[PDB]
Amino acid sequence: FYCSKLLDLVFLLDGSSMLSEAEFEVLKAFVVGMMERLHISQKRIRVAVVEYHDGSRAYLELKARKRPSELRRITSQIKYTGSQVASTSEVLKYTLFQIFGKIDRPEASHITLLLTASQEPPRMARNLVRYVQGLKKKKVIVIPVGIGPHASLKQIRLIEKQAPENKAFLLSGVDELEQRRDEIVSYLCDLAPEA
């Protein structure tokens, strides 16, 4: 499979401790595999890659000149920090106010693939809706990917309900990711313009 459209794709990796360092690499691997099925280019598909905890570590920005192999290289080496916490609502505010602070590609779609393997406290999840709705008003689709048990099922549901495009994918763990690519990739490609 191969996707070549007008996409702003943002990978958000649940870099908490709810994933063993070794499991993290399986996460990273999945991210790199979807990239080989993407026509990464400033005029086609642009990708940003952020590892979030209570804060956000951005290893890749949409606007970049490095070669896609150079880009796939930078993500496969994304250092492990197994953070104590990994707030989903918070990394969505980052995406809302930073990555897409401005929309220089109005003719293109904007997708944030949130790969989450943990659950944040309601004190915080109380923001989940407004940030997901804010990203909606900016024409930014959020696709939650539940990796495993520790992924807040109700919090994932919150992110969905916000819009029909916001589909979800529930996985038993990181291994299952390895086989979900085709699906996610292709689903995610059918929402973007062309030419």
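A residue's number is simply how far along the shown sequence it sits, counting from 1.
J.: Mean CA temperature factor from the deposited coordinates, higher in 137 to 145 or in 22 to 30?
T.: Stretch with the greater average CA B-factor: 22 to 30.
J.: Mean C-alpha B factor from the entry: is it higher for 166 to 174 or for 58 to 66?
T.: Higher mean C-alpha B-factor: 166 to 174.
J.: Going by the CA temperature factor in the entry, name the top one among 83, 109, 89, 98.
T.: Top of the list by C-alpha B-factor: 83.
J.: Can you tell me which of 125, 71, 78, 115 has the maximum CA B-factor listed in the PDB entry?
T.: Max CA B-factor in the entry, restricted to 125, 71, 78, 115: 78.
J.: Lowest, middle or highest third: where is residue 43 by Cα B-factor in its chain?
T.: Within its chain, residue 43 is a middle-third residue by C-alpha B-factor, going by the deposited values.
J.: Grab the CA temperature factor for residue 53 from the record and place it in the lowest, middle or highest third of its chain.
T.: As the PDB entry reports it, the C-alpha B-factor of residue 53 lands in the highest third of its chain.
J.: Sorting the chain's CA B-factors, does residue 130 end up in the lowest, middle or highest third?
T.: Lowest third of the chain for residue 130's C-alpha B-factor.
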